Amino acid sequence: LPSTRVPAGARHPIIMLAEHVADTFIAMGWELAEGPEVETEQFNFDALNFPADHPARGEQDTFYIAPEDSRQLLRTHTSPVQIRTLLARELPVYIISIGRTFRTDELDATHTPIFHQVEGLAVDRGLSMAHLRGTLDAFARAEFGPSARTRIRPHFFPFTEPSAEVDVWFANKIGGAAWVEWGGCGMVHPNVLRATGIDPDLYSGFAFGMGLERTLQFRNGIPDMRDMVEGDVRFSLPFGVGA
Amino acid sequence: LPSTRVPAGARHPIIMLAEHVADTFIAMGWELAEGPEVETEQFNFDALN
Amino acid sequence: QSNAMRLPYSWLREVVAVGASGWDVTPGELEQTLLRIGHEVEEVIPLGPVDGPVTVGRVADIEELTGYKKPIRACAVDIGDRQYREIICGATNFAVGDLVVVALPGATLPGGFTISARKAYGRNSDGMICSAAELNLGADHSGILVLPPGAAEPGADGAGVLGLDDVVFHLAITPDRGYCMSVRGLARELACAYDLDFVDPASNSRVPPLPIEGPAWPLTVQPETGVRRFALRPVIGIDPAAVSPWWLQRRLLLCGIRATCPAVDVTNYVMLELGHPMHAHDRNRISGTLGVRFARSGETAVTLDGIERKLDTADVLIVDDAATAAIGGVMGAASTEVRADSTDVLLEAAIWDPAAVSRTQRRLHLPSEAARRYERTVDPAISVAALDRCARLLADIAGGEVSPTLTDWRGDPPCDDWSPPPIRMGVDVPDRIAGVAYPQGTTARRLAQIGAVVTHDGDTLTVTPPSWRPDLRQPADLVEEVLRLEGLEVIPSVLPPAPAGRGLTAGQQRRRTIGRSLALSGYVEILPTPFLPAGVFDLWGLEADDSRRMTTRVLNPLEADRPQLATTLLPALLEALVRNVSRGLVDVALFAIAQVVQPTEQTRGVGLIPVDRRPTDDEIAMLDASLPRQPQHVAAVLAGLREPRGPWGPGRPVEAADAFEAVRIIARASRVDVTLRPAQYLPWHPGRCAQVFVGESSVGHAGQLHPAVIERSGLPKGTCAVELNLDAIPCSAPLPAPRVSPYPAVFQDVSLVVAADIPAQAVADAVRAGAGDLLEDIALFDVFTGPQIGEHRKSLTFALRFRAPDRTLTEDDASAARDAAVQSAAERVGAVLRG
Amino acid sequence: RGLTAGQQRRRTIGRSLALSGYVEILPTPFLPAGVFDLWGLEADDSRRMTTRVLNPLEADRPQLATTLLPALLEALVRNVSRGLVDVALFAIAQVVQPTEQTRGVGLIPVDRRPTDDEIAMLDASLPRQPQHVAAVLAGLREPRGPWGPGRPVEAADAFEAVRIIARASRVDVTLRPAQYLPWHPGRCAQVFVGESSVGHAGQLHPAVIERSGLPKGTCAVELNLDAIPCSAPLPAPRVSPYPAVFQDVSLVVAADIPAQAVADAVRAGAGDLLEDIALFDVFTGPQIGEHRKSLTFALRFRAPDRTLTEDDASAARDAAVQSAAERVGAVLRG
RNA sequence: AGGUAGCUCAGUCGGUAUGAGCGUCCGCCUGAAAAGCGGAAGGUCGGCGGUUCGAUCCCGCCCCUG
Ligand SMILES: N[C@@H](Cc1ccccc1)C(=O)O
Ligand SMILES: [Mg+2]
Ligand SMILES: [Mg+2]
Ligand SMILES: [Mg+2]
Ligand SMILES: [Mg+2]
Ligand SMILES: [Mg+2]
Ligand SMILES: [Mg+2]
Ligand SMILES: [Mg+2]
Ligand SMILES: [Mg+2]
Ligand SMILES: [Mg+2]
Ligand SMILES: [Mg+2]
Ligand SMILES: [Mg+2]
Ligand SMILES: [Mg+2]
C-alpha cells in the first residue's frame with residue numbers, strides 16, 4: 001500500500017546545479033563570493049572596462065532602473081562581483097559567485113530574461129592562461145564526467161584581455177558527442193586590476209562565466225526553458241528532494 | 001498553539017562534529033579516505049612499524 | 001544586427017590572392033580558420049545550386065495579356081543560337097531585350113524544384129524567368145532578376161554568370177575589431193593566419209593618387225565636433241542613364257546591399273572593400289560654403305526619407321547656407337541627395353567621433369552601415385585613398401571626368417601621423433601570459449603581420465600599432481594578437497594550487513539547510529520573478545503609505561504593466577501557486593529563498609567615479625549606500641490538501657497552523673528560538689496571523705491569507721503563507737551540553753481554566769516558570785470549551801514529566817512542583833485549577 | 001575532488017531520517033547475550049555466523065553484530081525504561097559478516113611493498129563489513145496535541161522509512177510480502193531495487209517482542225546500503241500546459257491481490273495519457289462480497305499537445321480497466 | 001471583424017439579458033467515488049465618457065486578439 005502521508009518536495013534543479021558547482025570549487029580550496037542583483041553602473045560596466053557611449057555597452061540587453069539619470073540597473077552578469085571581491089579581500093583571490101542575472105530577452109524555449117550565472121575569479125602572482133585552462137577542465141570534468149574536454153577560442157569581453165569562449169565536449173550528449181558553447185573567459189584586464197588598486201605588473205588573473213540554465217538545458221536535454229522558470233511542481237519533483 | 005505534528009529528530013552530535021571536520025579539510029583540497037573496523041594485524045600494527 | 005559582416009568568398013580570395021597567387025581553401029577549412037583567430041561565423045551560405053538547362057536569355061517581345069486582374073504578360077526569350085522559347089510570367093520589372101535567367105524544362109532549382117512544361121493561362125509555359133530569391137542568390141522575390149546590360153550573351157550557363165559556385169559568409173565581428181568590417185580587414189586577417197604576403201587594397205601601390213591642385217569646395221569646421229578628417233572630391237558630368245556592371249552589383253547584393261544609381265553603388269562598394277563609409281552628394285544642389293557644427297537647442301532637420309527629427313546640442317551635422325545637409329555619420333538629407341536628375345557629384349570621406357555618432361544614432365533610433373562602422377572607429381589614414389578609389393570607380397562606370405581638385409581637413413593641427421602612441425612590452429610577455437614557450441621571434445613576427453612596426457632594444461619591444469588598430473593600447477592588447485594567431489589550442493592545461501580555503505560561510509550553509517528542510521517537508525522551490533504583478537498591492541488592499549508600496553521601478557520592462565520590482569516574495573509565489581492550480585495541481589506547497597528590493601530615501605544614483613585608480617573608502621560607501629536595501633527573504637505558500645488522501649484516510653486540508661509549522665521548520669534549520677504573537681498585517685487574515693519574533697526582533701509573519709485578498713486575487717480558498725527576513729534572523733553557533741538524568745521520571749497532568757483569549761503559550765510559560773528545574777517536559781494535549789467550563793473560558797490540559805538529577809523523584813516531590821506551577825499560572829494568567 | 005557519491009549519500013540519508021523524526025544512535029558492535037535465541041532464529045540462519053572477540057569487556061557479549069537491529073533495540077529499551085516511550089531511532093554503520101574465506105594471514109614482510117596478491121589476500125581474509133542503515137520505532141509516531149490524540153506506530157511507518165531512504169538514494173524501490181524473523185510474518189516486506197533484495201521492514205514479531213521485553217507494536221527496518229546501487233540521473237520532465245481530465249475508477253479484486261499490482265496493471269493499460277494515479281480507498285463489506293476488496297484510484301489524464309476530451313480520457317480509462325482485468329482479474333465496481 | 005455568467009460560445013439593432021455547453025453547488029445513484037441523469041445558483045453585455053427621462057444596442061477615445 002502507499003505509505004507517504006507527507007509527500008516529498010524538491011529544491012529547484014537550478015539551485016541543485018549551483019550547489020554541485022559550488023561544492024566542486026570549494027573542494028579545490030576556492031570560496032563563494034556574493035553581490036546584489038540591483039547593481040550600480042559603476043560596478044556592472046565602468047569598473048569592468050566597458051566603454052561609454054559605445055555599442056559594446058549601449059547594445060547590451062540591460063534593464064535600466066528609474067529615474068533616467070540613476071545609473072542603477074539589474075545586473076546583466078555576475079561579473080560585478082569581480083569588482084566587489086577585489087575591493088573587499090586581500091590578495092590572492094580564488095572565488096566563484098553564483099546568482100541571478102537579467103537581460104531583456106523574451107522568455108522562450110531557449111531564452112529567459114532571468115537566469116543564473118556562475119562567475120569565477122582568480123588573482124595571484126604568476127597566473128597564466130594555462131591555469132585558466134586547468135580550472136575549466138576540472139570544472140568540466142566535475143559537471144560532465146571524466147570524458148569531458150574544453151575548447152577555447154578567441155573572443156572579446158571588455159574586462160578580459162585576452163578574451164575567449166569556452167566550448168565543452170562530453171560523452172552521451174545530444175546528437176552524440178560534439179562541441180557545445182559553454183561560457184566566456186579570459187585573463188583579467190589590467191584596467192580592471194587598476195580600478196581596484198592592484199598592480200598589474202605584480203598580479204595577473206583569469207575569470208570565467210557560464211549560465212546555469214543553458215548548462216542544464218544541453219546537459220539534461222530540457223527542450224523548453226520555460227519549464228525551468230515557471231514553477232510547475234511537475235518539473236521539479238522528478239529531480240528529488242535535494243537533501 | 002503547538003503546531004509540530006512531526007517532531008524533529010537529530011543526527012548524532014559526534015557525526016555532526018565529524019561532518020564539520022570533514023568539510024574543513026575538503027575546503028582545503030583534501031579528500032576523505034575509508035577503512036574497515038575489523039582490521040588485520042598487518043595494517044593495524046606491523047605495517048605501521 | 002549592428003555587428004554583422006556579409007561578403008562573398010570570391011571577393012575575399014581575390015583580395016588575398018593578389019599577395020599570394022593561387023590561394024584557395026575549402027569553405028569548411030576557412031570557417032575553422034576564422035573561428036581559430038576569433039571571428040564568429042554565424043552562417044555559411046553556398047549559392048545555388050542549379051542543374052540542367054539554366055541559362056541566361058534575352059526577352060524578344062512582351063505581348064501583354066489583358067483581361068486579368070494582375071498584369072500577366074507572355075514573353076519570348078532567346079536562349080542563344082536564336083532558338084526562341086515561350087515563357088509566361090507575372091513580373092513587370094523588365095522590358096524587351098533585358099537580360100534574364102530562365103529555367104527550361106528539365107532544370108532543377110533550389111531546392112527540390114524541377115521545372116516542367118505546364119500549360120497556364122492562354123499560352124504555353126515551358127519554362128520560367130527566375131528571381132534572385134528563386135535562385136538562392138538574393139533576398140528579393142518581388143521582381144524578376146534582370147542582369148545589367150552586357151552581363152553575358154544569351155546561351156551562357158547561368159551557374160557561371162551568377163557565380164553559383166560561390167559561398168557567402170555571414171560573420172559577427174566583435175566590437176573591438178571594427179577594422180574587420182570590410183574586405184580589407186578580413187583579407188588582412190587571413191594573410192596573418194596562413195602566413196601570406198598581403199597587398200593592402202587601400203594602398204597607393206595599386207593606382208597613383210589623383211592630383212590635388214586646389215580646394216574642391218569652401219569648408220569650415222568647428223573643432224569641438226570631434227571630426228578627425230574630412231575630404232571632398234567632385235566628379236563632373238556623369239551619365240544618369242548608365243548603371244553599374246554585373247560584378248559590382250553581384251558583390252553588392254551578396255553583401256546585403258541593394259543597388260540603386262551608380263553614384264551610390266560605388267560609395268557602398270568602396271565602403272565594403274576598404275571599410276571607410278562613403279557618401280555621395282549632388283554638387284548642383286549644394287549652395288554656398290559647407291560647415292560642420294553642433295545643432296541649436298531645437299533646430300529640426302529632415303532626412304532623405306523626409307522625416308524631420310528634433311536635434312540635440314550634442315549632435316554633429318553638416319549644414320550650408322541654405323539648410324542642413326546631413327547628420328554627421330548617421331544619414332544624409334534630401335537636399336544634396338543624388339538622383340537620376342543629378343549629373344555632378346561631390347563625394348565626401350569623413351571620420352566622425354565614434355562616441356558622438358553612437359549617442360546620436362541611438363537617440364534618433366536609426367542605425368546604418370555607416371554608423372555601425374563609425375561607432376567602431378574608421379581608419380582615418382585611408383580617407384583620400386578611398387576617395388580617389390571612389391572617384392575613379394565612379395567615372396569609369398558613369399563616364400565622367402575626375403576633377404583634379406581636392407579638399408582635405410586634418411584638424412586644427414595638420415595631423416600627419418595617424419598611429420596610436422607606441423607601446424613598450426617585454427619580449428617574453430606573451431610567453432608568460434600564455435604559459436607557452438613560443439619559438440624565438442614569434443612575437444615580433446606576429447605583431448608585424450597585424451601592421452605594427454616593432455623595434456628591438458634588449459628584452460623590450462617598442463610596438464607602434466597601425467592606424468586601423470586603435471584597440472592596441474597596452475601590452476595586454478598586443479598579447480592577445482600573438483596568442484590568437486598562434487592558436488589558443490597550444491596552451492597547456494595545468495591546475496593551479498589554490499591556498500587552503502575556508503569553505504562556506506555560516507549564511508551560505510544556513511541557506512542550504514533551510515532548503516533541505518522545507519523540501520523534505522513537502523515544499524517545492526520556485527525561482528521567484530522580481531517583477532511584481534500589476535496592481536498586486538491594490539488587490540491586497542494595502543494602505544497608501546504601506547512600506548511595501550515603495551518599489552524600485554524599471555524603465556524598460558518586458559511587460560509594460562509590470563515595471564515595479566518586488567519588495568516581498570509572496571506575489572511571485574502566489575503567481576506560481578495560481579499557475580499550478582490552473583493546471584490541475586491543486587494541492588501545492590511552494591517556497592522561495594531570494595532577495596527583495598526595498599529602496600529608501602537614501603536610494604539614489606551615483607555619478608561616474610574615475611576608474612584609473614581604486615575608489616576611495618567613502619566612494620565605496622557611497623555606492624553601497626545608494627543602492628536599495630536587498631535583504632534575503634524566505635517565503636512559502638500552501639493551498640489545498642496539506643496531507644493527501646490515501647488508504648489511511650481523507651487527508652487533511654491546509655490550515656494556518658501549517659504556516660506556523662513552516663516558521664518552526666525554518667527556525668529549527670536556523671538553530672534559533674522563535675515566538676509567535678497575534679498580529680494584524682495584510683494580506684493575512686487578522687484573526688489567523690502571527691508575527692514572528694526572535695528575541696524582541698520581528699522577523700516576519702505567517703498564517704492564513706485574508707478571505708477578501710483571496711477572492712480579489714483568484715486564489716484558492718484557505719491559502720496560507722509565511723514570509724521571513726533571513727537577514728533579521730541572527731546567526732547562532734551553540735555548543736549544547738544537555739543534562740541527561742538516568743533516574744526515573746514522574747508523570748502528572750494538570751488541567752487549567754483560563755479566559756478564552758489567553759494564549760496557550762503564555763499559560764505554558766507560567767507553568768514552566770513555577771515548576772522549577774524538576775520539570776523536564778511540558779506538552780499541551782487538550783483545549784476544551786463547553787458548558788462544563790463556562791462562557792468565555794477554555795480549559796487547557798498539559799502533560800508534565802518531572803525528573804530529578806540525582807535521585808528517584810517521589811510523588812510528593814513532584815506534586816509540590818506541580819502545585820508551584822499551578823500557583824505561577826494563577827498569578828500570571830489567572831489560571832484556575834479545573835474542578 | 002571532494003566527497004564521493006557514497007559519502008554524500010550517507011549524509012543525505014542522515015538528514016532525511018533526522019528531519020522525519022528519527023534520532024541517530026551510535027550502535028555497539030557487541031551483540032546482546034542470546035539475542036538470536038530471543039528472536040527464535042533457526043540454527044542455520046546466516047546471522048548466527050558471527051565473528052567473536054577473545055577478550056570482551058562483558059564475558060557474555062563476545063559476538064560482533066551481523067545486524068544493526070539488536071543495538072538499536074537495546075537503545076530503544078533504554079529510552080523506554082527512562083520514561084521516553086515515543087521513540088524513533090536510526091543508525092548508519094557497518095556490520096561484520098564472516099564467511100568460510102574469513103581466516104588469518106601470517107606476517108607479510110614490511111621491508112617492501114606487499115604484492116598485489118598479498119593485498120588481495122589480506123582483503124579477502126577479513127569478514128565482510130558492508131554498510132547498513134536501520135531504524136526502529138515504538139509508541140506514538142505522531143504525538144498528541146490540540147490537533148488530536150496522535151497516531152500510534154504502524155508497520156506502514158517502517159515502509160515509509162524505506163521510501164525515505166530510497167528517495168535519499170535516488171532509487172526506485174518495490175516492497176514484496178515476505179516471512180523473515182524477527183518480523184511479523186503478516187506485516188513484513190522485503191525491499192527490492194530492481195530484482196536485488198536490499199533489506200526488510202515492517203512490524204516485529206509479537207513473540208519476539210514479548211521475549212525481548214520490547215514495546216508492543218515495535219517496528220523496524222534494515223537495509224544493506226552497499227546493495228543499493230548508486231544513481232546519477234539527469235531528468236528531463238515532460239511538462240504539458242494543457243488541461244487535465246480527472247476520473248476515478250473503482251476495481252474489485254481478491255483480498256490478497258496487492259494494491260501495487262492492481263495499480264501497475266492500470267498504469268500499463270492507460271498509456272502515456274495517464275499523468276498521475278493514486279489509491280484513496282480500500283473497501284471490504286457485504287456490498288463487495290466475501291474474500292474480495294474494492295480499490296478506488298484517482299486518475300489524472302493529460303495530453304502533451306492538446307486539450308484532452310472526456311471521450312479520449314474514457315478510452316484510456318477503459319483500456320486501463322481491460323489491463324487490470326487481464327493481469328489481476330479486476331472487475332469494474334457496479 | 002469581434003469582446004456577452006468563473007471559462008468556452010449564440011442572441012438582443014433605445015425602455016423586463018432570449019439563452020445554451022462546461023464548471024460550481026445541490027438532491028437521485030454509491031459504504032464512499034467517477035460517470036451518468038435531475039435541478040439550482042450564476043450575467044454595471046471591454047474601460048472611459050458623452051447623447052437621452054432611460055444605453056449591452058447609437059456617437060468619441062482607448063485597452064484587448066487574428
Ligand atoms: N560576464 C560574461 C562572461 C564572462 C565572465 C568572465 C570573463 C569573461 C566572460 C557574460 O555574462 O556573458
Ligand atoms: Mg541597451
Ligand atoms: Mg558567441
Ligand atoms: Mg584585444
Ligand atoms: Mg503519577
Ligand atoms: Mg501514578
Ligand atoms: Mg471528468
Ligand atoms: Mg467532470
Ligand atoms: Mg442575428
Ligand atoms: Mg441560460
Ligand atoms: Mg437557465
Ligand atoms: Mg444547487
Ligand atoms: Mg457574479
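Keep in mind that the numbers below use all heavy atoms, side chains included, and drop hydrogens, waters and symmetry copies. Convention: sequence-line order gives letters A, B, ...; per-chain numbering from 1.
Shown here, E/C61 forms a base pair with E/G47; the pair counts as Watson-Crick or G-U wobble because both key distances fall under 3.5 Å. Using the Watson-Crick or G-U wobble rule with both distances under 3.5 Å, E/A40 pairs with E/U24. E/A10 is paired with E/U18 under the Watson-Crick or G-U wobble criterion, all donor-acceptor distances under 3.5 Å. The partner of E/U52 is absent, by the rule that a Watson-Crick or G-U pair needs both atom distances under 3.5 Å. Shown here, E/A34 forms no base pair; nothing in the strands shown gives a Watson-Crick or G-U wobble contact with both key distances under 3.5 Å.
For E/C22 and E/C59, the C1' atoms lie 38 Å apart once the distance is rounded to whole Å. Spacing between E/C7 and E/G46 at atom P, rounded to whole Å, works out to 13 Å. Here the separation of E/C29 from E/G43, taken at their P atoms, is 31 Å to the nearest Å. Straight-line distance between the P atoms of E/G11 and E/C37: roughly 27 Å, to the nearest whole Å. Annotation: E/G2 and E/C57 have their P atoms spaced 15 Å apart (nearest Å). With both ends at atom P, the span from E/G21 to E/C61 equals 40 Å, rounded to whole Å. To the nearest whole angstrom, the two P atoms, one in E/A40 and one in E/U4, are 25 Å apart. Using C1' as the reference atom, E/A55 and E/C45 are 11 Å apart when rounded to the nearest Å.
For the pair D/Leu299 CG and E/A33 P, the computed distance is 17 Å after rounding to whole Å. Atom pair C/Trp648:CH2 and E/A32:P shows a separation of 22 Å (rounding to whole Å applied). Between C/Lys717 atom NZ and E/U24 atom P there is a gap of 13 Å when expressed in whole angstrom units. One can place CZ of D/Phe297 at 18 Å from P of E/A33, the figure rounded to the nearest angstrom. As a whole-Å value, the separation of D/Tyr242 OH from E/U8 P is 16 Å. Rounded to an integer number of Å, the gap from D/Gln287 CD to E/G31 P is 5 Å. Counting to the nearest Å, the P atom of E/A33 and the CG atom of D/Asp281 are 10 Å from each other. One can place CZ of D/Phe246 at 10 Å from P of E/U24, the figure rounded to the nearest angstrom.
Sugar pucker annotation for E/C45: south, assigned from a negative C1'-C2'-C3'-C4' dihedral. For E/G14, the ring torsion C1'-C2'-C3'-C4' comes out negative, which puts the sugar in the south group. When the pucker is read from the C1'-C2'-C3'-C4' torsion, the sugar belonging to E/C58 turns out north, on the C3'-endo side. The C1'-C2'-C3'-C4' dihedral of E/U4 is positive. Its furanose therefore counts as north. The furanose ring of E/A5 falls on the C2'-endo (south) side of the pseudorotation cycle, as its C1'-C2'-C3'-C4' torsion is below zero.
Along RNA chain E, the nucleotide nearest to D/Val282 and the one nearest to D/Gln247 differ in position, and the one closer to the 5' end is contacted by D/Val282.
Residue-level contact check: D/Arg317 touches neither bases nor backbone, having no heavy atom under 4.0 Å from any strand.
By the 4.0 Å N-to-carboxylate-O rule, D/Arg167 lies close enough to D/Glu160 to be salt-bridged with it. Salt-bridge check for C/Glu655 with B/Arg5: failed, with every basic side-chain N at 4.0 Å or more from each acidic carboxylate O. Using a cutoff of 4.0 Å between basic side-chain nitrogens and carboxylate oxygens, A/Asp232 and C/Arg583 are scored as salt-bridged.
Remark: bases of strand neighbours E/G50 and E/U51 are stacked by the 5.5 Å centre distance and 30° plane angle definition. Consecutive residues E/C45 and E/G46 form an unstacked step, taking six-membered ring centres below 5.5 angstrom and planes below 30 degrees as the test. Using a cut-off of 5.5 angstrom for ring-centre distance and 30 degrees for interplanar angle, E/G15 is classed as not stacked on E/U16. Adjacent nucleotides E/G38 and E/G39 have six-membered base rings whose centres lie under 5.5 Å apart with planes inclined under 30°, meeting the stacking criterion. Stacking between E/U12 and E/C13 is absent, since the six-membered rings do not have centres under 5.5 Å apart together with planes under 30°.
No N or O donor and acceptor, one from the side chain of D/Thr296 and one from the base of E/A34, sit under 3.5 Å apart.
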Test log, rule ring-ring contact (aromatic ring centres under 6.0 Å, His included), inputs C/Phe531 and A/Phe102: CA-CA 11 Å; C/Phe531 302 99; A/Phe102 307 85; 7.1 Å; no
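In the model, D/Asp311 has no side-chain atom that pairs as donor or acceptor with a side-chain atom of D/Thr309 under 3.5 Å. Checked by atom type, the side-chain pair A/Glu106/A/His111 shows no donor-acceptor distance below 3.5 Å. Counting only N and O atoms by type, the side chains of D/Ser294 and D/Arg333 include a donor and acceptor under 3.5 Å apart.
The heavy-atom pair separating C/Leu570 from C/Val722 by the smallest distance is CD2-O, 4.0 Å.
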